[PDB]
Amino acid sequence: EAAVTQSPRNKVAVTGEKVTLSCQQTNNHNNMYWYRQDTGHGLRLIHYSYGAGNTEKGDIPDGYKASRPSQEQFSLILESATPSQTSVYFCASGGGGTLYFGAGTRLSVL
C-alpha cells in the first residue's frame, strides 16, 4: 500500500559481513535518500540521489556506499559491517522537497 518499499525490515550481520539494504518506489520520484537514526531519534543523512545513475555523499558517509541503478531503486551497501553500524535505517523518495519515507530497517551487527 505504501509508495516506498524498503527491504529487508530486519537484518542481523556478523562483523566483517557485507550487507545490502533496498529502497523501491514506483511513483517515478526523481530524488531518493538514506538516513541512519541516532539515539535521540534524529535522522542523519548518509547518501542521496537526484535520479537514475546519480549518488551523492551526506553528512555521515564513512563505512557506506550507495547505488541508484534505475529510477525505481536506491540501494545502501555496507561492504564490511562493524558493531558501530548497529542502528535503525530509513530511506525516502520524492520530487522537490517532498519526503515519502520507507518503513525502516533494524540492523544489528554482532
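Counting begins at 1, following the sequence as shown.
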Looking only at CA atoms, which has the higher mean B factor in the entry: 85-93 or 9-17?
9-17
Highest mean C-alpha temperature factor of the two stretches 54-62 and 36-44, which is it?
36-44
Hey, what third does residue 67 fall into on Cα B-factor, ranked over its chain?
middle
So where's residue 49 on the chain's Cα temperature factor ranking, which third?
lowest
If you rank every modelled residue in this chain by C-alpha B factor, which third holds residue 30: lowest, middle or highest?
lowest
